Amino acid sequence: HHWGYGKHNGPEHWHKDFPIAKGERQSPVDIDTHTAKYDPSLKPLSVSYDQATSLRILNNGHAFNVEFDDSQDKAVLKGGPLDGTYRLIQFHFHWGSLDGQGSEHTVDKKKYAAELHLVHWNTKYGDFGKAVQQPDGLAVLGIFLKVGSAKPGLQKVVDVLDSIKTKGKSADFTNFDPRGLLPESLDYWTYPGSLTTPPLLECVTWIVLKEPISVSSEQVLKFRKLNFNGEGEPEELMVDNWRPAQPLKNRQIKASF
């Protein structure tokens, strides 16, 4: 793969290697709040992260992933629009070079400074690789970040970034509690979509929280010091690693509230 977020290999180029980029249920999308319809049939979302076991943090050249042990039903997402149990495997963020951009989903065209994605796979499929080949294989919980007060629960992530500055670097990252990254309210919008990076597979039930979390300018500034490049290569700051909104096509966004 040679895809990325640069002028020559960015989102507008992805369709050449990944034709599904122009598919029928691509993500992210703009969430038009006035058109989204309240669905009273939606169940309350269930986020059970008390037994979450984080293991490592990795700079993969596109973002950084905080990985979890998903070999057992520990941290799971269920309820809401979901049927079954989805296991947390990793979380990562997308952010911008400026506070005025960075999120993938937008709300009434508003772009947030960043967006957190907690990725879960449907246990009925056995493993993540098999799950991404199914229309209901993944559930990604998206949370917007705005710049204001610091998020205490995010600081451990911010402080370890120095150790994984470049592509391919990883660091032990145990005992991190993802509950510290959640907003107060679990109200959400949901729609069927896709992974937002190649392979862009149409296997995701998106659940995007209405309430953003606040992070400090210093916290997001640290994200912007990461590198897309590997050690010993020309420095390319890891910023604007977000895909813009895609055509909604034949889909309806439902609201839980």
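Numbering starts at 1 and follows the sequence shown.
For the segment pair 70-78 and 143-151, the entry gives 70-78 the higher mean B-factor, averaged over Cα atoms. Remark: stretch with higher mean C-alpha B factor among 168-176 and 132-140 is 168-176. In the PDB entry, the Cα temperature factor peaks, among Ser214, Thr35, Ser194, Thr190, at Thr35. In the PDB entry, the Cα temperature factor peaks, among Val208, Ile31, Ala63, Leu221, at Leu221. Remark: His15 belongs to the middle third of its chain, ranked by C-alpha B-factor as recorded. Among all modelled residues in its chain, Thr123 ranks in the middle third by Cα B-factor. Sort the chain's modelled residues by C-alpha temperature factor and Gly84 lands in the highest third, per the entry. In the deposited entry, the Cα temperature factor of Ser185 places it in the middle third of its chain's modelled residues. In the PDB entry, a CA B factor belonging to the highest third of its chain's modelled residues is recorded for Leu98.
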